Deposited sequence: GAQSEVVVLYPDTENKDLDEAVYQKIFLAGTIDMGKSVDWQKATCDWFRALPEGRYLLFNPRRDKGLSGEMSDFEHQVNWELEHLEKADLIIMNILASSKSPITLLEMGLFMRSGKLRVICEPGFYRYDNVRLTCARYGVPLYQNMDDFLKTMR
């Protein structure tokens, strides 16, 4: 059965007195549709081993639109993209994902970025050509990528 330990961190949740050093820290970057993020968390929960700390920027309820809340969201995203051991970036064909592409550029040369970009995405060839140039692993679906991790 499932034996992995999975802790999920959200921008609007706090897990005080947790040692982030003993976990594999994974940032779930990509399309926010108000939910591949929950299915990815469930996938890690189903694993037979490991300690995972997943940084999920997708809140259960959408943003209010209030400025200080928005700044908290962007700063939470950038701080946890930096803290992550691995960035799982999933881009759906239906999305425009403009800030996902900003984040992709930011962590393109980090060595910890894994891009999953669905064919049909309106800027797919840009993503393919840029990842090729900088040697970033590029997958077409989450099944192919998540097999590379058991």
{"item": "Stretches with no C-alpha atoms in the model, relative to the deposited sequence starting at 1", "value": "35-38"}
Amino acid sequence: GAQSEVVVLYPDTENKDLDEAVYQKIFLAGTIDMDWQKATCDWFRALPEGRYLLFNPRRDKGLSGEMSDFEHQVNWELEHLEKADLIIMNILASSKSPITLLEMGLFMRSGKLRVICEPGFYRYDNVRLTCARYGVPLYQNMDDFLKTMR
From here on, numbers count along this sequence of modelled residues.
| property | result |
| --- | --- |
| Stretch with the greater mean C-alpha B-factor as recorded in the entry, comparing 58-66 against 78-86 | 58-66 |
| Given 13-21 and 125-133, the range whose Cα B-factors average higher in the PDB entry | 13-21 |
| Ranked C-alpha temperature factor of residue 39 among modelled chain residues, by third | middle |
| CA B-factor ranking of residue 105, expressed as a third of its chain | lowest |
| Chain thirds of CA B-factor: placement of residue 32 | highest |
| Residue 53 - which third its CA temperature factor falls in, relative to the rest of the chain | middle |
| Entry-reported Cα temperature factor of residue 47, expressed as the chain third it lands in | middle |
